[PDB]
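The chain below stands alone and is given as structure tokens, in the form deposited in one PDB entry.
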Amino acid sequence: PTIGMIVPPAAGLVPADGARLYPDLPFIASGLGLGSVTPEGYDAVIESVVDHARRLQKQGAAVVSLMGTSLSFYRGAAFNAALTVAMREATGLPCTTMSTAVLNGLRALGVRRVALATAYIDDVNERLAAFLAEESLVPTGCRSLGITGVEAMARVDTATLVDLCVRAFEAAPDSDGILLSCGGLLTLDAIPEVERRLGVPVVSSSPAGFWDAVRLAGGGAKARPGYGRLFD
């Protein structure tokens, strides 16, 4: 089934991980035009999420994921659930969000104490921690990049991402796993290196978004190897 994705950047591309994780699967995307990875930024596009879900339905999507973590967590857990209900009601399609994806990924891996490694400024990190706590997880510490650029996220390199995850875990080595948050990051080469070095799993925004959306679509598709314990 064709999977539709609402993505933060204006360009509206399918996030790059899809072709690596699931080369055989069809994805389509619609771009919100988010201007900054900040609460003020989210407020300027959040009301258009329902319309973009409908656009994707009109293009033949059979499920829709809102592929933005902070866009979906910044107002707390209830709003993540409510926005999902709104999308479903507007389209009659199964819908999900990237915040739901990462929650599901951490749960699937049995992660309760979670170290945070993020691209964000601290206001956004505080909101992430509050969301996770509402959902019965225990954030243990946090290291972050403090980036507000949207398209800028794709340019953070692998070595930077590995170092970020390692530093986050170093701060709390009793953690069960690591949440690497920001769906604009290109994390697929970082994940196996971090898991190799540390011995704990990483749940990363974009790959968890794909994993969750493919689960939602129901076909039982398996990801290509080398992308983390989440993919078996």
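Throughout, rigid core stands for the largest set of C-alpha atoms superposing within 1.5 Å between the two forms. Numbering starts at 1 and runs along the sequence shown.
Just so it is clear, the following notes concern the form deposited in another entry, a form of the same protein that is not shown.
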Core aligned, which of 138, 90, 145, 82 has the Cα that shifts 2 angstroms or more between the shown form and the other one? 145
After a core superposition, would you say residue 19 shifts its C-alpha by at least 2 Å between the shown form and the other one? yes
Using a superposition on the rigid core, decide whether the Cα position of residue 38 changes by 2 angstroms or more between the shown form and the other one. yes
Taking the rigid core as the reference frame, tell me whether residue 119 has a CA displacement of 2 angstroms or more between the shown form and the other one. yes
Sense of CA distance change between residue 18 and residue 142 in the other entry, threshold 3 Å: closer
Can you tell whether residue 183 sits closer to or farther from residue 12 in the other entry than it does here, judged by CA atoms, where the change is 3 Å or more? farther
